[PDB]
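Next come structure tokens for two forms of one protein chain, structure 1 first, structure 2 second.
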Structure 1
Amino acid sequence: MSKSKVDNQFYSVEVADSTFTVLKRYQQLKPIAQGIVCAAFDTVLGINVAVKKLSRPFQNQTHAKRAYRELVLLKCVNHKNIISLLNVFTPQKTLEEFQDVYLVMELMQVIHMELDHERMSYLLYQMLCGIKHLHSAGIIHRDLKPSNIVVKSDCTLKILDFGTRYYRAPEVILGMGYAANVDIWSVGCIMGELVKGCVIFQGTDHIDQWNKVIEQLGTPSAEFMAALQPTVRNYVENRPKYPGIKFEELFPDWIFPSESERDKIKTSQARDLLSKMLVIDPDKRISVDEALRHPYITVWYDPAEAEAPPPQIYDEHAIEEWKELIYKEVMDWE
């Protein structure tokens, strides 16, 4: 029983100050503190990938920290709707000889694209699947925005990062402390932007960002303001009062698809979901679980995507302990 050659045999290519020694599957390598990163083509998967070399990551405590967190964090969070770790390998064949770690990542407009309800609800479904998986691995994104989401021509969506002010939730703006559903506010902002064709809350500065929120959604409840630090409450109380604009005025029927009788029902569904995500008070904001079960979204629901279990929940060593810990993480990828 001969072993797979493209997956087990290495070639070297010189890049800057370092020999890149990679599996034969990774071809046409081109360069693009953490380490050197080459773009490549994975001939097995038939996709573009980024190959990152970490040289002697165990040789420094601070480098070891970075390396060990990145390996365990990226392993926790692999999902079809997240830019994921595809492969980890080392050319070296024993703990004693172990020097280098290679990480392989997937290498990767639609705002202003004319979408129908089918495509919009699918993009939103996929965003929510990606956020749920992150939350289940104990990661809150906190920084969701159009410029860290990619869509393929077939409307397959992936989130690029998981560690501007337009997409940040009120509780973050006012520094109240936050839970998972900060990410729901961001989804609301992106959904609003997709439909309305502009940034929903476009503050000229950090002070104006709050003004844009209350101007459109209205002054928040006594309960929300009671939860603020007294100095923050005092500012928020002294703002002019706003009643809020009805979501039928902010997001009229005619800016959603209106062709069929199905479109009319889906527009009410879309606006209903939007009215439950763009809620100032996070205690009253829809959760990711409830959003995935919302009639607008749940037509796409597949346990394999929505309940895709994370391999583990993400939460001072000697040089030789760090080395051993990193190497065992590489050996899990066979």
Structure 2
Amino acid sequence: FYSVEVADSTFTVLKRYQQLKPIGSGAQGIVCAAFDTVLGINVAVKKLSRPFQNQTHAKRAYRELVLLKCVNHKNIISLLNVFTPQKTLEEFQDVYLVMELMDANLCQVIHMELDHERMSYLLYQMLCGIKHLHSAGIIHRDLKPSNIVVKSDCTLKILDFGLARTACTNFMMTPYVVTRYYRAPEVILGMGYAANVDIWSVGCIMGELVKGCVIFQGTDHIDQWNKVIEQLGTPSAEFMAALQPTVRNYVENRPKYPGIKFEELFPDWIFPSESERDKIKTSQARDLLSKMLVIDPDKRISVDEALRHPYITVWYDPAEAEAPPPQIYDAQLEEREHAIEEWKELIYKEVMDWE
């Protein structure tokens, strides 16, 4: 049934998957492209190495498997197959996920000088995917260019389900976060977060697609806050006064900034302006950016409002088939506490349930 091929690590896969070649790298290792001789299509192949090795990674892997299966939305990456080459629960080591194959992540698209039609279409698809997650009870919290993928026909999919809400303990730990440029400021302000944490990330991604550089590029929390207030301005006295004392004192002690008007921050001449239509769309794009890149989450636009925005809603087709809300058969998907051996069996059964 199987054959082993070495990319930078060895991949042991079903014979139907041929010509494996690395297309990217992440926390779970190498992702390969492959040709599925049985389907006749190209696919992506991801290997999860001993995902049950610890409680943190086990819970994350189990959640991803359950959600990838249950969710079926055109802007969330599709799971096509799941398998393990090992023959018993005891010998079980590795899980292989087979996904639909896309052409690039959004990091590549930032340099591609997109026009209003392509930019708004990508943003519409992103917001559709986020809306579907939110309707399923999932706030993503870690959207960024590298976990959003696109095809050359401008179709777009969100690659993963983000970060579950979890209390960090000595044994449920937090992977270190490398890329922090897209995370809303209420987190580092100690405020906690709501669903429109994801809207801030979309605002940051949209800004980068338009400008070609990272909007808020800080080296740590202190630097990140400075880069936010230098561009958007010091938030209101009432907002600052509602912060916890140490944070409040710090942010009230910073130099004050008026904020750069969005007409100066995102000026007409970095957008298309050939036609009268282009000039209307530029105003609309800037209006949407000014409603997403808002420090105070109580004043930031919602996903539902963003989808209705004139820049975005041109792409809504009432004749298109809607996606049904997922039916997540495991209700206690976040309330799970298990020893390693129990996680291993839970994950194994999920994998076998596919065969």
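For numbering, take structure 1's sequence and count from 1. In this text, the rigid core denotes the largest set of C-alpha atoms whose superposition between the two forms falls within 1.5 Å.
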Task: Flagged residue of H63, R271, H294, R285 - C-alpha shift reaching 2 Å or more between the two structures, core superposed - done: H63
Task: Large Cα shift (2 Å or above) at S147 between the two structures, core-fitted - done: no
Open item on the list: Is the shift of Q99 between the two structures large enough to count as movement, that is, does its C-alpha move by 2 Å or more after the core is superposed?
Closed with: yes
Task: Exceeds or equals 2 Å, Cα of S260 between the two structures, core fit - done: no
Open item on the list: Please give the CA displacement of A16 between the two structures, in Å, after core superposition.
Closed with: 13.6
Task: After superposing on the core, C-alpha shift for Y26 between the two structures in angstrom - done: 7.0
TODO: Using the rigid core as the frame, report the C-alpha movement of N48 between the two structures, one decimal, in Å.
DONE: 3.6
